[PDB]
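Novice: This is the content of data_30.txt (compact mmCIF, N, CA and C atoms and all ligand atoms):
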```txt
# COMPACT_ATOMS: atom_id res chain seq x y z
N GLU G 113 0.83 -1.20 0.00
CA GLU G 113 0.00 0.00 0.00
C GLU G 113 0.87 1.25 0.00
N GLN G 114 1.59 1.46 -1.09
CA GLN G 114 2.59 2.51 -1.17
C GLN G 114 2.36 3.42 -2.36
N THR G 115 2.76 4.69 -2.23
CA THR G 115 2.71 5.65 -3.35
C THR G 115 3.83 5.33 -4.35
N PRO G 116 3.70 5.71 -5.62
CA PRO G 116 4.76 5.26 -6.55
C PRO G 116 6.15 5.73 -6.12
N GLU G 117 6.27 6.92 -5.57
CA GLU G 117 7.56 7.39 -5.09
C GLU G 117 8.09 6.47 -3.99
N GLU G 118 7.20 6.04 -3.10
CA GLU G 118 7.58 5.14 -2.04
C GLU G 118 8.09 3.84 -2.61
N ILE G 119 7.42 3.34 -3.64
CA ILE G 119 7.81 2.09 -4.27
C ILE G 119 9.22 2.21 -4.82
N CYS G 120 9.53 3.37 -5.39
CA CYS G 120 10.86 3.60 -5.94
C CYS G 120 11.93 3.69 -4.85
N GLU G 121 11.64 4.42 -3.78
CA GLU G 121 12.59 4.54 -2.65
C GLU G 121 12.96 3.19 -2.04
N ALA G 122 12.01 2.23 -2.04
CA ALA G 122 12.22 0.89 -1.46
C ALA G 122 12.94 -0.10 -2.39
N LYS G 123 13.08 0.25 -3.67
CA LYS G 123 13.74 -0.62 -4.66
C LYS G 123 15.20 -0.93 -4.30
N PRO G 124 15.67 -2.17 -4.59
CA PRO G 124 17.06 -2.49 -4.28
C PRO G 124 18.05 -1.77 -5.20
N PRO G 125 19.31 -1.54 -4.76
CA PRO G 125 20.29 -0.96 -5.70
C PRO G 125 20.58 -1.97 -6.82
N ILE G 126 21.01 -1.47 -7.99
CA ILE G 126 21.34 -2.32 -9.15
C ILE G 126 22.81 -2.24 -9.49
N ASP G 127 23.41 -3.38 -9.82
CA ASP G 127 24.77 -3.43 -10.36
C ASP G 127 24.56 -3.64 -11.86
N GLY G 128 24.97 -2.69 -12.67
CA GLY G 128 24.74 -2.85 -14.10
C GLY G 128 25.25 -1.81 -15.06
N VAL G 129 24.93 -2.02 -16.34
CA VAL G 129 25.33 -1.20 -17.47
C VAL G 129 24.11 -0.72 -18.18
N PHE G 130 24.05 0.58 -18.42
CA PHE G 130 22.88 1.18 -19.06
C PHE G 130 23.30 2.16 -20.11
N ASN G 131 22.45 2.34 -21.11
CA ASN G 131 22.60 3.39 -22.11
C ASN G 131 21.56 4.44 -21.68
N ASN G 132 21.34 5.48 -22.47
CA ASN G 132 20.38 6.53 -22.15
C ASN G 132 20.64 7.12 -20.76
N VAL G 133 21.92 7.13 -20.33
CA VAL G 133 22.29 7.71 -19.05
C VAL G 133 22.32 9.20 -19.29
N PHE G 134 21.79 9.99 -18.36
CA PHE G 134 21.85 11.43 -18.50
C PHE G 134 22.57 12.08 -17.32
N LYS G 135 23.48 13.00 -17.63
CA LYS G 135 24.23 13.70 -16.60
C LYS G 135 23.39 14.73 -15.85
N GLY G 136 23.58 14.77 -14.53
CA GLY G 136 22.95 15.75 -13.67
C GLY G 136 23.60 17.12 -13.75
N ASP G 137 22.88 18.14 -13.28
CA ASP G 137 23.40 19.50 -13.23
C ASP G 137 24.64 19.67 -12.28
N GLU G 138 24.87 18.66 -11.47
CA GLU G 138 25.81 18.63 -10.35
C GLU G 138 26.81 17.47 -10.62
N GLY G 139 26.74 16.91 -11.83
CA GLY G 139 27.67 15.87 -12.27
C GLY G 139 27.27 14.44 -11.99
N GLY G 140 26.10 14.24 -11.39
CA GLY G 140 25.57 12.92 -11.12
C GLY G 140 25.15 12.25 -12.41
N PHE G 141 25.19 10.93 -12.44
CA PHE G 141 24.78 10.14 -13.60
C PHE G 141 23.49 9.44 -13.23
N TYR G 142 22.47 9.58 -14.08
CA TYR G 142 21.13 9.05 -13.83
C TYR G 142 20.57 8.24 -14.95
N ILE G 143 19.68 7.32 -14.58
CA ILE G 143 18.96 6.45 -15.52
C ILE G 143 17.51 6.39 -15.09
N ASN G 144 16.62 6.08 -16.04
CA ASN G 144 15.22 5.80 -15.74
C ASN G 144 15.09 4.33 -16.02
N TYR G 145 14.73 3.56 -15.01
CA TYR G 145 14.64 2.12 -15.17
C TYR G 145 13.40 1.63 -14.47
N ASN G 146 12.50 0.99 -15.24
CA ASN G 146 11.27 0.41 -14.71
C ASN G 146 10.41 1.41 -13.90
N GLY G 147 10.36 2.64 -14.37
CA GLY G 147 9.54 3.68 -13.75
C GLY G 147 10.15 4.42 -12.58
N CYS G 148 11.45 4.18 -12.29
CA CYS G 148 12.14 4.88 -11.21
C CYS G 148 13.38 5.50 -11.72
N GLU G 149 13.77 6.65 -11.14
CA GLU G 149 15.07 7.23 -11.47
C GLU G 149 16.08 6.61 -10.50
N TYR G 150 17.28 6.28 -11.01
CA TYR G 150 18.39 5.79 -10.18
C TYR G 150 19.59 6.69 -10.45
N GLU G 151 20.43 6.83 -9.43
CA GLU G 151 21.70 7.57 -9.50
C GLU G 151 22.88 6.62 -9.34
N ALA G 152 23.92 6.79 -10.19
CA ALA G 152 25.13 5.99 -10.08
C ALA G 152 25.86 6.40 -8.80
N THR G 153 26.41 5.40 -8.10
CA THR G 153 27.19 5.59 -6.88
C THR G 153 28.43 4.71 -6.94
N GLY G 154 29.37 5.00 -6.04
CA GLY G 154 30.65 4.32 -5.98
C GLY G 154 31.45 4.53 -7.25
N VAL G 155 32.01 3.46 -7.79
CA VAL G 155 32.82 3.59 -8.98
C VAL G 155 31.90 3.61 -10.19
N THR G 156 31.98 4.69 -10.96
CA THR G 156 31.14 4.84 -12.13
C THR G 156 32.00 5.04 -13.37
N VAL G 157 31.77 4.22 -14.38
CA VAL G 157 32.52 4.33 -15.62
C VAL G 157 31.58 4.58 -16.80
N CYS G 158 31.83 5.68 -17.50
CA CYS G 158 31.10 6.04 -18.68
C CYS G 158 31.95 6.23 -19.91
N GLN G 159 31.32 6.09 -21.08
CA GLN G 159 31.95 6.47 -22.33
C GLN G 159 32.18 7.97 -22.30
N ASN G 160 33.29 8.42 -22.86
CA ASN G 160 33.65 9.82 -22.79
C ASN G 160 32.61 10.69 -23.47
N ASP G 161 32.20 10.25 -24.65
CA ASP G 161 31.10 10.85 -25.37
C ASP G 161 30.07 9.75 -25.54
N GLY G 162 28.81 10.04 -25.21
CA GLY G 162 27.77 9.03 -25.28
C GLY G 162 27.23 8.55 -23.95
N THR G 163 26.04 7.96 -24.03
CA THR G 163 25.21 7.59 -22.88
C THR G 163 25.72 6.53 -21.90
N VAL G 164 26.35 5.47 -22.39
CA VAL G 164 26.59 4.29 -21.57
C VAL G 164 27.48 4.47 -20.33
N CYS G 165 27.03 3.91 -19.21
CA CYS G 165 27.77 3.90 -17.95
C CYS G 165 27.55 2.60 -17.24
N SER G 166 28.54 2.24 -16.44
CA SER G 166 28.51 1.09 -15.56
C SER G 166 28.67 1.63 -14.14
N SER G 167 27.92 1.06 -13.19
CA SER G 167 28.05 1.37 -11.78
C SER G 167 27.73 0.11 -11.00
N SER G 168 28.46 -0.14 -9.91
CA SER G 168 28.21 -1.30 -9.06
C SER G 168 27.00 -1.06 -8.16
N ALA G 169 26.50 0.21 -8.10
CA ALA G 169 25.36 0.47 -7.25
C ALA G 169 24.55 1.68 -7.71
N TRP G 170 23.66 1.45 -8.67
CA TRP G 170 22.68 2.44 -9.12
C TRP G 170 21.63 2.44 -8.03
N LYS G 171 21.40 3.59 -7.40
CA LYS G 171 20.48 3.66 -6.26
C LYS G 171 19.26 4.49 -6.56
N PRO G 172 18.03 4.05 -6.17
CA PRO G 172 16.85 4.88 -6.47
C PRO G 172 16.88 6.23 -5.76
N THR G 173 16.47 7.29 -6.47
CA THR G 173 16.41 8.63 -5.89
C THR G 173 15.04 8.93 -5.25
N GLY G 174 14.06 8.08 -5.53
CA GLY G 174 12.68 8.28 -5.10
C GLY G 174 11.90 9.08 -6.13
N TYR G 175 12.56 9.63 -7.13
CA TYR G 175 11.86 10.37 -8.18
C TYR G 175 11.25 9.40 -9.18
N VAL G 176 10.02 9.68 -9.61
CA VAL G 176 9.28 8.86 -10.57
C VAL G 176 9.29 9.67 -11.87
N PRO G 177 10.11 9.28 -12.87
CA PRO G 177 10.27 10.14 -14.05
C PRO G 177 9.22 10.01 -15.13
N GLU G 178 9.14 11.04 -15.98
CA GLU G 178 8.30 11.06 -17.19
C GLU G 178 9.13 11.04 -18.46
N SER G 179 10.43 10.82 -18.28
CA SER G 179 11.36 10.79 -19.40
C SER G 179 11.81 9.36 -19.72
MG MG G 201 16.59 0.47 0.35
```
Translate the structure described by the file into structure tokens.

Specialist:
Amino acid sequence: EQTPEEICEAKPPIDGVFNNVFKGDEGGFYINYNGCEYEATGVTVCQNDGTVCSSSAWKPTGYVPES
């Protein structure tokens, strides 16, 4: 019995590789995955130019995106 934001906040962190990664205004790396926004944490590796990044712990931000 949770709001969608709550559902996102409770999601487990993900170890993985994603495309369509978008950089934050503050240098954070973000993805929209299964209706939740996640932020890359710990060691993050991206292509110099282009979307793809790997992170051992993509963590939900609690934001429910429309992008
Ligand atoms: Mg948690």

Novice: List all protein, DNA and RNA residues that have an atom no more than 9 Å from any atom of ligand MG 201 (chain G), counting only C-alpha atoms and all ligand atoms, and report them as a list in words.

Specialist: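 These are the residues that qualify: residues 121, 122, 123, 124, 125, 171 and 172 of chain G.
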
Novice: Considering only alpha helix (DSSP H) as DSSP defines it on the backbone, what residues of chain G qualify? List them as a VMD selection string.

Specialist: chain G and resid 116 to 122

Novice: Would you list the contacts of residue 133 of chain G as JSON, numbers by chain, taking every protein, DNA or RNA residue within 6 Å and counting only N, CA and C atoms, but skipping same-chain residues closer than 4 positions in sequence?

Specialist: {"G": [142, 143, 163, 164]}

Novice: List as a ChimeraX atom specification the protein and nucleic acid residues near residue 134 of chain G, meaning an atom at most 12 Å away when only C-alpha atoms are counted, but skip any in the same chain fewer than 4 places from it.

Specialist: /G:130,138-144,149-152,158-159,161-165,179

Novice: So that I can check the secondary structure, give me every residue of chain G assigned strand (DSSP E or B) by backbone DSSP, as an MDAnalysis selection string.

Specialist: chainID G and resid 126:130 134:135 141:145 148:158 165:172

Novice: Store the residues picked out above in a file with N, CA and C atoms, as a tab-separated table (two decimals), in the frame of the given file.

Specialist:
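So out.tsv came out as:
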```tsv
chain	number	residue	atom	x	y	z
G	126	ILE	N	21.01	-1.47	-7.99
G	126	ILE	CA	21.34	-2.32	-9.15
G	126	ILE	C	22.81	-2.24	-9.49
G	127	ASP	N	23.41	-3.38	-9.82
G	127	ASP	CA	24.77	-3.43	-10.36
G	127	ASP	C	24.56	-3.64	-11.86
G	128	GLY	N	24.97	-2.69	-12.67
G	128	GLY	CA	24.74	-2.85	-14.10
G	128	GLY	C	25.25	-1.81	-15.06
G	129	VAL	N	24.93	-2.02	-16.34
G	129	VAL	CA	25.33	-1.20	-17.47
G	129	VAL	C	24.11	-0.72	-18.18
G	130	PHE	N	24.05	0.58	-18.42
G	130	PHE	CA	22.88	1.18	-19.06
G	130	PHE	C	23.30	2.16	-20.11
G	134	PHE	N	21.79	9.99	-18.36
G	134	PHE	CA	21.85	11.43	-18.50
G	134	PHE	C	22.57	12.08	-17.32
G	135	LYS	N	23.48	13.00	-17.63
G	135	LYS	CA	24.23	13.70	-16.60
G	135	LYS	C	23.39	14.73	-15.85
G	141	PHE	N	25.19	10.93	-12.44
G	141	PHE	CA	24.78	10.14	-13.60
G	141	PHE	C	23.49	9.44	-13.23
G	142	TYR	N	22.47	9.58	-14.08
G	142	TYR	CA	21.13	9.05	-13.83
G	142	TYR	C	20.57	8.24	-14.95
G	143	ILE	N	19.68	7.32	-14.58
G	143	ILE	CA	18.96	6.45	-15.52
G	143	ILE	C	17.51	6.39	-15.09
G	144	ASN	N	16.62	6.08	-16.04
G	144	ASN	CA	15.22	5.80	-15.74
G	144	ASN	C	15.09	4.33	-16.02
G	145	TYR	N	14.73	3.56	-15.01
G	145	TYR	CA	14.64	2.12	-15.17
G	145	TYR	C	13.40	1.63	-14.47
G	148	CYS	N	11.45	4.18	-12.29
G	148	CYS	CA	12.14	4.88	-11.21
G	148	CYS	C	13.38	5.50	-11.72
G	149	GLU	N	13.77	6.65	-11.14
G	149	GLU	CA	15.07	7.23	-11.47
G	149	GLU	C	16.08	6.61	-10.50
G	150	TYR	N	17.28	6.28	-11.01
G	150	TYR	CA	18.39	5.79	-10.18
G	150	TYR	C	19.59	6.69	-10.45
G	151	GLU	N	20.43	6.83	-9.43
G	151	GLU	CA	21.70	7.57	-9.50
G	151	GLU	C	22.88	6.62	-9.34
G	152	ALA	N	23.92	6.79	-10.19
G	152	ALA	CA	25.13	5.99	-10.08
G	152	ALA	C	25.86	6.40	-8.80
G	153	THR	N	26.41	5.40	-8.10
G	153	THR	CA	27.19	5.59	-6.88
G	153	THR	C	28.43	4.71	-6.94
G	154	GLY	N	29.37	5.00	-6.04
G	154	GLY	CA	30.65	4.32	-5.98
G	154	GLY	C	31.45	4.53	-7.25
G	155	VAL	N	32.01	3.46	-7.79
G	155	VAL	CA	32.82	3.59	-8.98
G	155	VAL	C	31.90	3.61	-10.19
G	156	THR	N	31.98	4.69	-10.96
G	156	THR	CA	31.14	4.84	-12.13
G	156	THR	C	32.00	5.04	-13.37
G	157	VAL	N	31.77	4.22	-14.38
G	157	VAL	CA	32.52	4.33	-15.62
G	157	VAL	C	31.58	4.58	-16.80
G	158	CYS	N	31.83	5.68	-17.50
G	158	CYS	CA	31.10	6.04	-18.68
G	158	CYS	C	31.95	6.23	-19.91
G	165	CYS	N	27.03	3.91	-19.21
G	165	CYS	CA	27.77	3.90	-17.95
G	165	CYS	C	27.55	2.60	-17.24
G	166	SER	N	28.54	2.24	-16.44
G	166	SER	CA	28.51	1.09	-15.56
G	166	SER	C	28.67	1.63	-14.14
G	167	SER	N	27.92	1.06	-13.19
G	167	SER	CA	28.05	1.37	-11.78
G	167	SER	C	27.73	0.11	-11.00
G	168	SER	N	28.46	-0.14	-9.91
G	168	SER	CA	28.21	-1.30	-9.06
G	168	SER	C	27.00	-1.06	-8.16
G	169	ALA	N	26.50	0.21	-8.10
G	169	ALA	CA	25.36	0.47	-7.25
G	169	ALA	C	24.55	1.68	-7.71
G	170	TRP	N	23.66	1.45	-8.67
G	170	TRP	CA	22.68	2.44	-9.12
G	170	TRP	C	21.63	2.44	-8.03
G	171	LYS	N	21.40	3.59	-7.40
G	171	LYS	CA	20.48	3.66	-6.26
G	171	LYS	C	19.26	4.49	-6.56
G	172	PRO	N	18.03	4.05	-6.17
G	172	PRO	CA	16.85	4.88	-6.47
G	172	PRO	C	16.88	6.23	-5.76
```

Novice: Extract, using all atoms listed in the file, all DNA, RNA and protein residues at most 6 Å from residue 176 of chain G, discarding same-chain residues fewer than 6 positions from it, and format them as an NGL selection string.

Specialist: :G and (117 or 147-149)

Novice: For residue 127 of chain G, which residue out of G:145, G:157, G:113, G:167 is the nearest one, using only N, CA and C atoms?

Specialist: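 Comparing G:145, G:157, G:113, G:167 against residue 127 of chain G, the winner is G:167.
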
Novice: Neighbouring residues of residue 126 of chain G were defined as those with any atom within 5 Å, considering all atoms listed in the file; residues of the same chain fewer than 3 positions away were excluded. Please report them as a list in words.

Specialist: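 Near residue 126 of chain G, the qualifying residues are residues 168, 169 and 170 of chain G.
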
Novice: State, in Å with one decimal place, the distance from atom CA of residue 119 of chain G to atom C of residue 177 of chain G.

Specialist: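 Between atom CA of residue 119 of chain G and atom C of residue 177 of chain G the gap is 13.5 Å.
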
Novice: So for segment 138-143 of chain G, what box centre and size do we get, axis-aligned, 6 Å extra on each of the six sides, every listed atom, Å to one decimal, as lines of an AutoDock Vina configuration file?

Specialist:
```
center_x = 22.6
center_y = 12.5
center_z = -12.9
size_x = 22.2
size_y = 24.3
size_z = 17.2
```

Novice: Rounded to one decimal, what separation in Å do you get between atom CA of residue 156 of chain G and atom CA of residue 175 of chain G?

Specialist: 20.4 Å

Novice: What is the atom C of residue 114 of chain G to atom N of residue 178 of chain G distance in Å?

Specialist: 17.0 Å

Novice: Could I get segment 145-169 of chain G rebuilt with N, CA, C and O atoms, written as an mmCIF file, keeping the file's coordinate frame?

Specialist:
```cif
data_model
loop_
_atom_site.group_PDB
_atom_site.id
_atom_site.type_symbol
_atom_site.label_atom_id
_atom_site.label_comp_id
_atom_site.auth_asym_id
_atom_site.auth_seq_id
_atom_site.Cartn_x
_atom_site.Cartn_y
_atom_site.Cartn_z
ATOM 1 N N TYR G 145 14.730 3.560 -15.010
ATOM 2 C CA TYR G 145 14.640 2.120 -15.170
ATOM 3 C C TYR G 145 13.400 1.630 -14.470
ATOM 4 O O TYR G 145 13.234 1.851 -13.271
ATOM 5 N N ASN G 146 12.500 0.990 -15.240
ATOM 6 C CA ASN G 146 11.270 0.410 -14.710
ATOM 7 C C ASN G 146 10.410 1.410 -13.900
ATOM 8 O O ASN G 146 9.821 1.064 -12.880
ATOM 9 N N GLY G 147 10.360 2.640 -14.370
ATOM 10 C CA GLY G 147 9.540 3.680 -13.750
ATOM 11 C C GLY G 147 10.150 4.420 -12.580
ATOM 12 O O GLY G 147 9.459 5.208 -11.934
ATOM 13 N N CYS G 148 11.450 4.180 -12.290
ATOM 14 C CA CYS G 148 12.140 4.880 -11.210
ATOM 15 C C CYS G 148 13.380 5.500 -11.720
ATOM 16 O O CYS G 148 14.073 4.884 -12.535
ATOM 17 N N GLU G 149 13.770 6.650 -11.140
ATOM 18 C CA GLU G 149 15.070 7.230 -11.470
ATOM 19 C C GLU G 149 16.080 6.610 -10.500
ATOM 20 O O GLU G 149 15.772 6.463 -9.314
ATOM 21 N N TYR G 150 17.280 6.280 -11.010
ATOM 22 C CA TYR G 150 18.390 5.790 -10.180
ATOM 23 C C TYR G 150 19.590 6.690 -10.450
ATOM 24 O O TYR G 150 19.765 7.200 -11.575
ATOM 25 N N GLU G 151 20.430 6.830 -9.430
ATOM 26 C CA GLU G 151 21.700 7.570 -9.500
ATOM 27 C C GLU G 151 22.880 6.620 -9.340
ATOM 28 O O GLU G 151 22.895 5.785 -8.429
ATOM 29 N N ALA G 152 23.920 6.790 -10.190
ATOM 30 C CA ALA G 152 25.130 5.990 -10.080
ATOM 31 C C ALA G 152 25.860 6.400 -8.800
ATOM 32 O O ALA G 152 25.881 7.583 -8.436
ATOM 33 N N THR G 153 26.410 5.400 -8.100
ATOM 34 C CA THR G 153 27.190 5.590 -6.880
ATOM 35 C C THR G 153 28.430 4.710 -6.940
ATOM 36 O O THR G 153 28.496 3.762 -7.731
ATOM 37 N N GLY G 154 29.370 5.000 -6.040
ATOM 38 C CA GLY G 154 30.650 4.320 -5.980
ATOM 39 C C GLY G 154 31.450 4.530 -7.250
ATOM 40 O O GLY G 154 31.560 5.650 -7.736
ATOM 41 N N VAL G 155 32.010 3.460 -7.790
ATOM 42 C CA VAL G 155 32.820 3.590 -8.980
ATOM 43 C C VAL G 155 31.900 3.610 -10.190
ATOM 44 O O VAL G 155 31.137 2.678 -10.415
ATOM 45 N N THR G 156 31.980 4.690 -10.960
ATOM 46 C CA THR G 156 31.140 4.840 -12.130
ATOM 47 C C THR G 156 32.000 5.040 -13.370
ATOM 48 O O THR G 156 32.838 5.937 -13.409
ATOM 49 N N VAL G 157 31.770 4.220 -14.380
ATOM 50 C CA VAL G 157 32.520 4.330 -15.620
ATOM 51 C C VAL G 157 31.580 4.580 -16.800
ATOM 52 O O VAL G 157 30.693 3.783 -17.082
ATOM 53 N N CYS G 158 31.830 5.680 -17.500
ATOM 54 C CA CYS G 158 31.100 6.040 -18.680
ATOM 55 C C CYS G 158 31.950 6.230 -19.910
ATOM 56 O O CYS G 158 33.080 6.548 -19.817
ATOM 57 N N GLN G 159 31.320 6.090 -21.080
ATOM 58 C CA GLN G 159 31.950 6.470 -22.330
ATOM 59 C C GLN G 159 32.180 7.970 -22.300
ATOM 60 O O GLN G 159 31.348 8.719 -21.783
ATOM 61 N N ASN G 160 33.290 8.420 -22.860
ATOM 62 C CA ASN G 160 33.650 9.820 -22.790
ATOM 63 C C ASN G 160 32.610 10.690 -23.470
ATOM 64 O O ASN G 160 32.208 11.717 -22.936
ATOM 65 N N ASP G 161 32.200 10.250 -24.650
ATOM 66 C CA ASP G 161 31.100 10.850 -25.370
ATOM 67 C C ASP G 161 30.070 9.750 -25.540
ATOM 68 O O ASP G 161 30.398 8.640 -25.968
ATOM 69 N N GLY G 162 28.810 10.040 -25.210
ATOM 70 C CA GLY G 162 27.770 9.030 -25.280
ATOM 71 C C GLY G 162 27.230 8.550 -23.950
ATOM 72 O O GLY G 162 27.833 8.726 -22.893
ATOM 73 N N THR G 163 26.040 7.960 -24.030
ATOM 74 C CA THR G 163 25.210 7.590 -22.880
ATOM 75 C C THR G 163 25.720 6.530 -21.900
ATOM 76 O O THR G 163 25.505 6.663 -20.703
ATOM 77 N N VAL G 164 26.350 5.470 -22.390
ATOM 78 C CA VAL G 164 26.590 4.290 -21.570
ATOM 79 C C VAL G 164 27.480 4.470 -20.330
ATOM 80 O O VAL G 164 28.554 5.069 -20.397
ATOM 81 N N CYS G 165 27.030 3.910 -19.210
ATOM 82 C CA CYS G 165 27.770 3.900 -17.950
ATOM 83 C C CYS G 165 27.550 2.600 -17.240
ATOM 84 O O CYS G 165 26.497 1.985 -17.353
ATOM 85 N N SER G 166 28.540 2.240 -16.440
ATOM 86 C CA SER G 166 28.510 1.090 -15.560
ATOM 87 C C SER G 166 28.670 1.630 -14.140
ATOM 88 O O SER G 166 29.483 2.548 -13.924
ATOM 89 N N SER G 167 27.920 1.060 -13.190
ATOM 90 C CA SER G 167 28.050 1.370 -11.780
ATOM 91 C C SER G 167 27.730 0.110 -11.000
ATOM 92 O O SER G 167 26.830 -0.631 -11.377
ATOM 93 N N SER G 168 28.460 -0.140 -9.910
ATOM 94 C CA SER G 168 28.210 -1.300 -9.060
ATOM 95 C C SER G 168 27.000 -1.060 -8.160
ATOM 96 O O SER G 168 26.480 -2.003 -7.555
ATOM 97 N N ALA G 169 26.500 0.210 -8.100
ATOM 98 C CA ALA G 169 25.360 0.470 -7.250
ATOM 99 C C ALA G 169 24.550 1.680 -7.710
ATOM 100 O O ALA G 169 24.761 2.791 -7.236
#
```
